[PDB]
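Listed below are the residues making up each chain.
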Amino acid sequence: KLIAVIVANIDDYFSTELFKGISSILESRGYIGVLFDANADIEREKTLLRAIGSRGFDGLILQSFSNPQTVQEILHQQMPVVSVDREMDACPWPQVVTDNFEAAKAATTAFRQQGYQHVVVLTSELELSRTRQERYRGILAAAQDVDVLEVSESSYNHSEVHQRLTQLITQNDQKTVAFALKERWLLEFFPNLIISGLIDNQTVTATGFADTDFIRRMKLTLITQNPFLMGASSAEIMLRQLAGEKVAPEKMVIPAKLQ
Amino acid sequence: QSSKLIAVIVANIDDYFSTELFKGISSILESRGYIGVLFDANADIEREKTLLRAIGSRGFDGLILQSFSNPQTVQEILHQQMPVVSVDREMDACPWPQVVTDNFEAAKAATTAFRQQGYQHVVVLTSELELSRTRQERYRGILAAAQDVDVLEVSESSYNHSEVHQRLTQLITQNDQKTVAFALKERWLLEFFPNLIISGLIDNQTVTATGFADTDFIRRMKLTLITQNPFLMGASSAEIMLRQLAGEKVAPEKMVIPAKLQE
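Rules used throughout
Residues numbered from 1 in each chain as written, not as in the entry; some residues may be left out. Chains lettered and ligands numbered in written order. Heavy atoms only, no water. Residues with missing side-chain atoms left out of burial classes, pairs and counts. Helix = DSSP H or I, 4+ residues; strand = E, 2+ residues; numbered from the N terminus. Rg over C-alpha atoms; globule rule 2.2 N^0.38 Å. Pairing = 2+ DSSP bridges. Axes fitted to C-alpha atoms, helices over the stretch in contact; angles between N-to-C directions. Contact = heavy atoms within 4.5 Å. Core = buried A, V, L, I, M, F, W, Y, C linked by side-chain atoms within 4.5 Å. Buried < 20%, exposed > 50% of the residue type's maximum accessible area, 1.4 Å probe, protein only. Expected span 1.5 Å × (residues − 1). Domains from an automatic or database assignment. Buried area = accessible area lost by both parts, 1.4 Å probe. Salt bridge = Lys/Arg side-chain N within 4 Å of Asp/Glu carboxyl O. Nonpolar A, V, L, I, M, F, W, Y, C, P; charged D, E, K, R; others polar. Parallel < 35°, antiparallel > 145°, perpendicular 65-115°, else oblique. Left-handed = near helix turned anticlockwise from the far one by under 90°. Arc of directions from axis to C-beta.

Structure determination for the deposited model, as stated in its record, used X-ray crystallography, and the stated resolution is 1.97 Å.

So this is what it looks like as structure tokens:
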């Protein structure tokens, strides 16, 4: 009674917390969650997918980058599947996602209503993920002026990004809000900016999609996805699939919270 | 032909040390067709037992242990059906091979480096000492190098944030001796040091801070920290496992991966 859980990168708090959610729910039925690291590698995921399939795992909860076809061509309906945080197309199985566009929108609208009309979006490459595009789409629909700084998680230099970032925030003394689209960018760059004083909550402030209890205590307003809940919810769906209940391949939206 | 699945049980996946450990194990095991599988003990020794019972009744070909189970537990449940390698435990008289850090030497050297810069007063922040031999060793290393040493034990089970905060601030500020706040575990450094850097307490002139931590983002705050090289510890433990899987009667000795004090 093992459920394989493949995450994009076990180094993200979102992923380890999501897994803790699956586990918590799976334990109420004697089922056990098992974690696999796709290590941001399309190929590692493929070889992992084959192993998961041939070894007889009972279920697959997937928060990754491969098209549903890539997953069907390897597992071929031999087990229940639930994808998380990806919002893909023509998905033949259930999905649990955040209201990315909406949450980003509301966030941007709140900051706008406080004079911070300038927004600098710090994100990973947009075209590689649909949830990233949605968040950026949400910021675009409610922001007056927007500047974007895309970073390739596979090739970049800390100071190089740090400089282009300080730049975008201070080019105009327009009241700016630095908006991180993923937690790692918020943890890597904003702390220093708080110490240097650029982020004074007067002219410049900061926000982003972060779920870690320890950034908040340095107080900024962050958007949380509550990955634990998303993980718990996907596992409920998975219980239904193992129990035999034919499940509808629909999207379940766990709303984000601007706290 | 077998499962070729190696079970890896970590103390808690929330620890960056664990996830990196696993990454190390996975890159080595891959070179030979083996696949690391991650299990989360979630800080519960009971949880761990059911994971082990599952690991033995599903046919995994090996176990890499970075958790709480003693050998009596692992014997009674798995009965040596599969080779075992332990990591980051500092267990004496261990029956299987081990991969550990020079906890005493590393702490001692770090304290010595700080003393030479003037910091004579060490404020140790840690999870309960009795609960772990590795913590005890790092604490043992500090006392072996510093005069004025105060200790602040935190209960991972039930502790209050501002409660611990207020005490740390009390111990750091009691006298004029230059002080080093030394975290024995990464989480404590990550939870309590940032505000002390932002509030001005930690200024690198009268009060500085260090600890065992491998995460990069704190690096960028410039603090001097001790890294355990978890990826390397994980890869080394996987190298030993492959030797056992290849049928080598690997002696149950400890392989020491020295920690590095990195500015």
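There's plenty left to go through after this.
Q: What should I look at first to understand the overall build of chain A in this one?
A: When helices and strands are tallied, chain A shows eight helices and twelve strands. Its C-alpha radius of gyration of 19 Å places chain A within 12% of the 18 Å reference for a compact globule of 259 residues.

Q: Just to check I follow, could you spell out the sheet that holds strand β6 (residues 121–127) of chain B for this structure?
A: Remark on secondary structure: sheet strands pair via backbone hydrogen bonds, oriented parallel or antiparallel. Residue and element names in this part refer to chain B. An order of β7-β6-β8-β9 is seen for the four strands of this open sheet, with the pairing classed as parallel. Of all the strands in the sheet, just β7 (148–154) and β9 (207–211) have a single pairing partner and so form its edges. Taking the axes of each pair of neighbouring strands and ignoring which way they run, one obtains an average angle of 20° across the sheet. Direction of pairing for β6 relative to strand β8 (residues 179–183): parallel, over a ladder of five bridges. Across the sheet, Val122 pairs through a bridge with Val180, a residue of β8. The strands touched by helix α5 (residues 133–143) are β6, β7 and β8; relative to β6, the strand with the most contacts, the crossing angle is about 175°.

Q: Mind showing me how you'd approach the nonpolar core here?
A: Generally speaking, a soluble globular protein has its nonpolar side chains buried in company with each other. By size, the foremost hydrophobic cluster in this structure holds 49 residues, and its most contacted members are A:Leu122, A:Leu165, A:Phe190, B:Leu125, B:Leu168 and B:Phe193. Those residues in contact with A:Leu165, other than ones at most four positions away along the chain, are A:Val120, A:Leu122, A:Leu149, A:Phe189, A:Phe190 and A:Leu193. One finds A:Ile61, A:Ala235, B:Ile13 and B:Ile25 within the second-largest nonpolar core, a separate group that totals 47 residues.

Q: I keep staring at helix α6 (residues 161–172) of chain B and nothing clicks. Help me out?
A: Side chains that are three or four residues apart share a direction in an α-helix, a result of its 3.6 residues per turn. The end-to-end C-alpha separation of α6(B) is 17 Å, in line with the 16 Å expected for twelve residues at 1.5 Å each. Tucked into the core, α6(B) has its buried residues touching β6, β7, β8, α7 (186–192), α8 (194–198) and β9 of chain B.

Q: What should I look at first to understand the pairing of strand β1 (residues 2–7) of chain A in this one?
A: On any regular strand, side chains alternate: one points to one face of the sheet, the next to the other face. Residue and element names in this part refer to chain A. Extensive coverage of β1 is indicated by the burial of six of its six residues. Every second residue of β1 is oriented toward a common face, with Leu2, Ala4 and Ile6 on one face and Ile3, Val5 and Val7 on the other, all of them buried. Sheet analysis places β1 next to strand β2 (residues 32–37), joined by six bridges and oriented parallel. The residue of β2 that forms the bridge with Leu2 is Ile32. Relative to strand β3 (residues 59–63), β1 runs parallel, the two being bridged by five bridges. Of the residues in β3, the one forming a bridge with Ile3 is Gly59.

Q: What is the right way to look at the domain arrangement of chain B in this model?
A: For interface size, the figure often reported is the accessible area lost on association. All names here are of chain B. Partitioning chain B into structural domains gives domain 1 (1–100 + 229–257) and domain 2 (101–228 + 258–263). With centres defined by C-alpha atoms, the gap from domain 1 to domain 2 works out at 29 Å. At the interface, twelve residues of domain 1 touch 17 residues of domain 2. Approximately 1100 Å² of surface area, both sides summed, lies buried where domain 1 meets domain 2, with 44% of it carried by carbon and sulfur atoms. On the domain 1 side of the interface with domain 2, the three residues burying the most area are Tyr16, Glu90 and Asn229, jointly 48% of the side's total. Put simply, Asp88 and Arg138 hold a salt bridge, and the shortest N to O gap is 4.0 Å. Of the residues that constitute the side of domain 1 that touches domain 2, the class distribution is seven nonpolar, one polar and four charged.

Q: What's the story with the environment of A:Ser154 in this structure? I'm lost.
A: In this structure, A:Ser154 sits in the loop between β7 (145–151) and α6 (158–170). In the structure, A:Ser154 is positioned 30 residues away from A:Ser124 in sequence and 9.6 Å away in space, judged by C-alpha atoms.

Q: In this structure, what is going on with the packing of helix α2 (residues 45–56) of chain B against helix α3 (residues 71–78) of chain B? I would like to understand it.
A: Geometrically, a packed helix pair is captured by the angle between its two axes and the distance between the axes. Residues and elements named next belong to chain B. Contact pair α2 / α3: the axes reach a minimum separation of 9 Å and the direction vectors enclose 40°. As judged from the angle between their axes, α2 and α3 are oblique. Remark: the crossing between α2 and α3 carries right-handed chirality. Listed contacts from α3 to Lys49, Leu52, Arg53 and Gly56 of α2 are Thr73, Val74, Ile77 and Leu78.

Q: How should the packing of α6(A) against helix α7 (residues 183–196) of chain A be read in this particular structure?
A: Residue and element names in this part refer to chain A. Between α6 and α7, the least distance of the axes is 11 Å, while the angle of their chain directions is 60°. Accordingly, the angle class assigned to the pair α6 and α7 is oblique. The chirality of how α6 crosses α7 is right-handed. Contact residues: α6 offers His158, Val161, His162, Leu165, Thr166 and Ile169, while α7 offers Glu188, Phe189, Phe190 and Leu193. By residue class, the composition of the contact of α6 with α7 is six nonpolar, three polar and one charged.

Q: What exactly am I supposed to notice about the environment of B:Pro83 here?
A: The residue B:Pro83 is located in the loop between α3 and β4 (84–87) in this model. Discounting residues that sit within four places of it in the chain, B:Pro83 has contacts with B:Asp61, B:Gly62, B:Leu63, B:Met241, B:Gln244 and B:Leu245.

Q: It is not clear to me how helix α3 (residues 68–75) of chain A should be interpreted in this structure. Could you clarify?
A: Residue and element names in this part refer to chain A. Every buried residue of α3 is accounted for by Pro68, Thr70, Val71, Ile74 and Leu75. Looking straight down α3, one finds that the buried residues subtend no more than 160° of arc, so they occupy a single side. Away from its buried face, by an angle of more than 90 degrees, α3 presents the exposed residues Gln69 and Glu73. In this fold, the buried residues of α3 make contact with α2 (42–54) and β3.

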